[PDB]
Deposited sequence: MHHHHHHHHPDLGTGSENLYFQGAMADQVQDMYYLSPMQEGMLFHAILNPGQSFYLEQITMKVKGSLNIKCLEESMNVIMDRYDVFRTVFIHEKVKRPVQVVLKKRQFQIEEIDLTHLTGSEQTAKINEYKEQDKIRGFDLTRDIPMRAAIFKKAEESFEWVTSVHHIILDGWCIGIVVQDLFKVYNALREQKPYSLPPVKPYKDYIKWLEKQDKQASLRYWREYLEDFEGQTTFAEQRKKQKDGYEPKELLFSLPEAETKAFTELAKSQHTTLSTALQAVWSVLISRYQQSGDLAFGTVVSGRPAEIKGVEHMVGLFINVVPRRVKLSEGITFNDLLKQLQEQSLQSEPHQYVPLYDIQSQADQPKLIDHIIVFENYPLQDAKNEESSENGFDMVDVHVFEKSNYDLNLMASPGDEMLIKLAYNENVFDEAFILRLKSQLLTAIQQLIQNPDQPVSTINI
């Protein structure tokens, strides 16, 4: 028997499987990480390590069954042999190499995975010269969300550097993903839907930045504007969040709420927020690897005279309230609102972005994921906080995105200088 265990899918996994099967070739749920290596890499040993990781993390050994079954199940296989696709490009010119690697990345996006058979993760390493490699890893988020990859990479290099130097290693114990499925089977699914319904009671709908949306035919032209919050502002922003017993993520969502209240001319608004999805009742949940994070609606109410510190408190409390119900798929929430466009942009605060020795230099790490919203506000910590506006240029002009950058920066500065004044006083 190849099967170690078999159990049901989380609601989000089930939604993901259904949409993946029905929309093949479209890059859904696919993350592609490109690592450019400069230095010595022991590929054979890297492969050995990957297979240690295969046995360490049950999600990599999981496949899915949906045919001739009453309800889909995920099956953990006792052992699965991983193999790196190693490609030697050394006999090609530099332009040939790049074309070769882009060709691979483009066909890889279309290929996706057959979730009923494949390991939902693969790796190709391209050798371009003696000490230069390009290492493309693809993964399906039904087994591992984007905020988990770092954990796995860290363990992979720990195994790798021990194996190559012939040293012993030990790794901390990790709970299996089934433990999260078991936690989910104790939750009251109807109470969680009721939570979202009541939270969203009487919320009416909103096209964000409607007067700025280009009304063109459908299509996605992905663009990005990257910028940073200067260190002194970043410091004061962080101090304010700490002093108010909240997070940088919540503080940024609060500032964004003020900006959107002005464009929408309204005090009742919504946007999507990526939440961790990790239940505190699950001892050791921070070390688990699998699909946890979710996009949920954030609804913000701005009354007359509300201050920034008021807003920080309103959002911090609702985050905590929401925590037992973060497993509900957005689709099911939107159906409880008879509003398929309840939200149309999101805010993503990523504490530990993969994109910032082992005997080599990591020259660059780039992440690709397909875009599901026409505007995405993305931020990560640092001495100067890193902010990205990722948008669909077929909808928003670059000039408008640039105005949004200067408004966000001036709104941060003004709300941290006067966090106890009505946010209606801020000049944007």
Unmodelled spans of the deposited chain sequence come out as 1-26, 383-389
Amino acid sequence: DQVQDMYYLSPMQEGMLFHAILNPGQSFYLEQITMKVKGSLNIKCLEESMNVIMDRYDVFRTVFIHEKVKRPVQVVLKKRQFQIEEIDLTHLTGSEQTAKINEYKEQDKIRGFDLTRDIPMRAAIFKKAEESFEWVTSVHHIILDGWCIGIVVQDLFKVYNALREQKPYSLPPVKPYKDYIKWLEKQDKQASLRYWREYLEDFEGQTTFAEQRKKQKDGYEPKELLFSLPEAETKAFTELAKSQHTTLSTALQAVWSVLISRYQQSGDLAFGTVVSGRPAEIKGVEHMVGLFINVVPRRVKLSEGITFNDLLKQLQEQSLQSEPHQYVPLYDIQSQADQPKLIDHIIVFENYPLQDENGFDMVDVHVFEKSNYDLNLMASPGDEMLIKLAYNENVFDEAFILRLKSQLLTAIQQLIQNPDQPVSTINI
From here on, numbers count along this sequence of modelled residues.
With B-factors read from the PDB entry, the higher C-alpha mean of 81-89 and 302-310 is in 81-89
Taking the deposited Cα B-factors and averaging over 166-174 and over 152-160, the higher mean is found in 166-174
From the entry's CA B-factor values, the highest among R197, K215, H140, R278 is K215
Comparing C-alpha B-factors across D179, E224, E231, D332 in this entry, the winner is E231
Of the three thirds of the chain ranked by Cα temperature factor, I33 occupies the lowest
Temperature factor at the Cα of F133, chain-ranked in thirds, falls in the highest
For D344, the third of its chain by CA B-factor is the lowest
Tertile call for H66 (CA temperature factor, within chain, third-based) is the middle
Among the modelled residues of its chain, the C-alpha B-factor of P324 falls in the third labelled middle
